[PDB]
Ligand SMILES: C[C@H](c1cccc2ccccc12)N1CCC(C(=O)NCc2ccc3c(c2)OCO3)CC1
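Only one chain is given next, in structure tokens, and it is the form solved without the named molecule.
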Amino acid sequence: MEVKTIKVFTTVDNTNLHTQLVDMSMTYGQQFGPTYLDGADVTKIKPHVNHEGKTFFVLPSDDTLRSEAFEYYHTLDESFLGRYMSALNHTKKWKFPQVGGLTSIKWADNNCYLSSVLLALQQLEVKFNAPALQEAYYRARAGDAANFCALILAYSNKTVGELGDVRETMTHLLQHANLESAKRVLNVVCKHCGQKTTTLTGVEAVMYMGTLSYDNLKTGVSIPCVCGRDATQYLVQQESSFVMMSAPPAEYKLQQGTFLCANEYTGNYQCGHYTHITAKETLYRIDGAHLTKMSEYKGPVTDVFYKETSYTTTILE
């Protein structure tokens, strides 16, 4: 007798494993729909005896599987799982060296922006509400980051090799972060329209676009008003474990002890390369696999991260 059937497990979350008896005369596709083995699309291949007892990813095809997928990924986007697997097939071959005490990514497939994201996340006090992200994030911190990178790609709607952006990626990722108690209060004054207090929460409480300087947001920054004038606003109150300050790329000085980490961007509207700036015993520039220690830094910066707990203004009235 030749082996005609094998037992395997199918899953959408790598946690709930569903026993299957597989017919070796049919493709995985014919039995399960689109099917993946460690990210590789095996929809078109027939089973092998060596597949016995292995775990295969499938698409959610009934209410139970859809529920398991939503519970794990916190999205109902039907294309997500396939995009995640497509990315994973490539990110499993990336290398994740320890550089300046953090898990970085050797350069591959235009992944500089993702390396800068990964490096930043390891320094923020953040957690993810989506179990897929939180579990992968834990493993990434230790050097096992292939899965986390594939997820970031999928959550970002980026494919492997696609040119990316740190701020855009952070916007997508932070939608799944623990930011429900993040709060920002801004005092806004227009000379024509008058005064108002704006309260922002969640992602909008921690991301700002217009200045790299947390000090400037505290003391006053120009902001367009609906009337066509430039109004001024400053930070009254901040409750979050960090803030991310962004601005169109320009030369900026970074001083150890005055920020947590940052993204350098060498380039312009067309093209650019993203490197990570942090500090340990001195300033560190981490460009994939490559470290440069620095005693000072003035360079082209687009995003600066700062630690926070709770801040209240000392500006009166």
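Rigid core (definition): largest C-alpha set, two forms, superposition within 1.5 Å. The first residue of the sequence shown is number 1, and the count goes up from there.
Here the subject shifts to the form deposited with the named molecule bound, a form of this protein not shown in this document.
Checked against the named molecule in the entry with it bound, the residues 36, 259, 32, 265 give one hit for a heavy atom within 4.5 Å, which is 265. Though the partner is left out of this view, residue 28 does not reach within 4.5 Å of the named molecule in the entry with it bound, counting heavy atoms only. In the entry with it bound, the named molecule lies farther than 4.5 Å from every heavy atom of residue 60. Shown alone here, residue 248 lies within 4.5 Å of the named molecule in the entry with it bound, counting heavy atoms only. In the entry with it bound, residue 163 approaches the named molecule with a heavy atom inside 4.5 Å. Contact check at 4.5 Å (heavy atoms) against the named molecule in the entry with it bound: none of 242, 309 and 313 pass. Only one segment in the set 64-72, 288-296, 267-275, 48-56 has residues whose heavy atoms sit within 4.5 Å of the named molecule in the entry with it bound; it is 267-275.
The one residue among 76, 209, 226, 142 whose Cα position changes by 2 Å or more between this form and the one not shown, with the core held fixed by superposition, is 226.
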